[PDB]
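Structure 1 and structure 2 below are the same protein chain in two forms, each given by itself as structure tokens.
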Structure 1
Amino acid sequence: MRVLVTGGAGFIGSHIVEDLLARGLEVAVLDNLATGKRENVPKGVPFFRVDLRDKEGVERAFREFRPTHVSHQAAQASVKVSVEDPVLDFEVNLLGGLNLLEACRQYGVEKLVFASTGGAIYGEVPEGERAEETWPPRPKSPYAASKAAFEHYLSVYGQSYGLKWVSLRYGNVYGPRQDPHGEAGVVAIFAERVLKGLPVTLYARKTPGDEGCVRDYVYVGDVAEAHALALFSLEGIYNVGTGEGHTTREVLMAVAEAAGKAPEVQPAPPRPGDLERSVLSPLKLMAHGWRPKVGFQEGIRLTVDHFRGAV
């Protein structure tokens, strides 16, 4: 099996590359380094410094590497950026995505595994409930629209052309090598600021001083494992979440514990157009044997250590 990982120089992408290499697979990376780092790509892994919006460059990567499978992690992956720059989000996530699908058809790729988003696709998840894969998309931002739209394209490419596909709707993915810009960016923000002894802003869920918003935090190593399972054996839509929510206050407490510091917390009103609660139903994926191996406290500890370990 020869796997091309778009966005493989990025946070989730680099963990996927390492995971796949440890399963005897030939792996290549396609990445324009917009946010990814050349240093994240292991020695000996073919690296195509290519923008997915450059059809001729995508074609070159396919010709040179000859992938059998494609893992599509490359994206404009900041909700904020998408609201302030919907055209960039569209060009990268849809136009770039489509160039990739067209190369997949041309080269007879056997499966495309897509990084989708549970947080941005499902909308508000009521108390007591967990978003399930049959819930209808309720996109609120351009990022959500481009991800939802790309899933429609995967479905129509499967139906029309026979391209097999899986859409992994990730929860809030955190861990070593993450930046502060993705859906679980708060983990990096808190880790860096708590370590530096800077005040942290705790945005309210509804009232300044409350516990803050609820998300399904899933450790990046556990996401990489779900990705391998998906690649080998799955088709269709699967949530990749723990099925348990944590509040922003709980994240801060875990970061403080791991850093061994008592941070200065400053409450703020809710950030406008942020979800109060998102928790994903993990049942569909867990029926195929996947479970998080790394608990929340342990994962936060591992993330903090990574931020401590720079020079």
Structure 2
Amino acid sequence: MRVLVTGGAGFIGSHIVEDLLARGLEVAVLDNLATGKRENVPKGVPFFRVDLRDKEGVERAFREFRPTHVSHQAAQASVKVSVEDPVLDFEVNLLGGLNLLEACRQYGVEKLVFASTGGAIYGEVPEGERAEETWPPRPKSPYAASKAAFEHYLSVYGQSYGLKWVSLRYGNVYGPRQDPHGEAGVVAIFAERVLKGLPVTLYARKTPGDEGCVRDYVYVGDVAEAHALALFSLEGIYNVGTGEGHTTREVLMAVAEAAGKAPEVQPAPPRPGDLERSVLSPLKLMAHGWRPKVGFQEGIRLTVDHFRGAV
């Protein structure tokens, strides 16, 4: 078993790499360092600094590492950026994604584990409900469209070429090592700024000044666990979430509590591309024994502690 992790120098990817390493598996990382850092990839790990949009570079990486499994975490991970620059989101997630797929069938890769977005692919999730995998994709932003589109390709690549796959629809992932630049990266932005007495911006879900949007927050540690489970024995679509929603205001207050400092809030109108509410049902995955071993309050404390000592 040889696992190639694209975007392995990123937030979630780095946690996947360390997890795989702890399981004694052979791992490699492919990353163009657009948002990730080389420091995130441990010394005893082959690193391929190539862009997925560069066909020649992807082919050389596969040729040198000969992966049996591919964990695809590389992507333009930002709803806002996708709304402002749809072509850039398309090029990396679709175009870059297709290059990866072509390399997989060409090198006979066994399985591909994909990082999809459970938080945005389902569209608005009504009050009191939780999105299930049987729900149809109803993207609102180009980012969600590129992810839904890629799921379709791996589905036809499975049917047409026998490629085994799994699509992990993550909720809002947070935890140590994430950068303060993302829609879900609100936990990192809040933790880093609040600890430093810096004013934070709270985007409304409807009116500047309200509680903000609701999301399903999952600790990155539990996501890495779901990923290992998927890699070894799952096939198909699986939500990776907690099943409980939190408003952005609750996130800030939780972070403020752990940080030990009063927050400075600047209200802002809702930003384009954002859904008002997203909560996922984790039932299908929990049937395989998986469970978020880290609760929200505990997760925030672990993230704040990371930033409090992070340099």
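Numbers given to residues start at 1 and step along the sequence of structure 1. Between two forms, the rigid core is the largest collection of C-alphas that superpose within 1.5 Å.
> Quick check for you: superpose on the rigid core, then look between structures 1 and 2 for a C-alpha move of 2 Å or more. Which of 39, 64, 56, 274 is it?
The residue that shifts is 274.
> So that I can tell if residue 203 moves, could you say whether its C-alpha shifts by at least 2 Å between structures 1 and 2 after the core superposition?
Result for residue 203: yes, a 2 Å-plus shift.
> Do you see a C-alpha shift of 2 Å or more at residue 175 between structures 1 and 2, with the core held fixed?
Shift of 2 Å or more: no.
> Core aligned, does the CA of residue 212 move at least 2 Å between structures 1 and 2?
It does, since the residue 212 C-alpha is displaced 2 Å or more between structures 1 and 2 after the core fit.
> After superposing on the rigid core, how much does the Cα of residue 243 shift between structures 1 and 2, in Å?
Its C-alpha shift, to one decimal, is 0.8 Å.
> Check the Cα of residue 264 between structures 1 and 2 on a core superposition and give its shift in Å.
Its C-alpha moves by 2.8 Å once the cores are overlaid.
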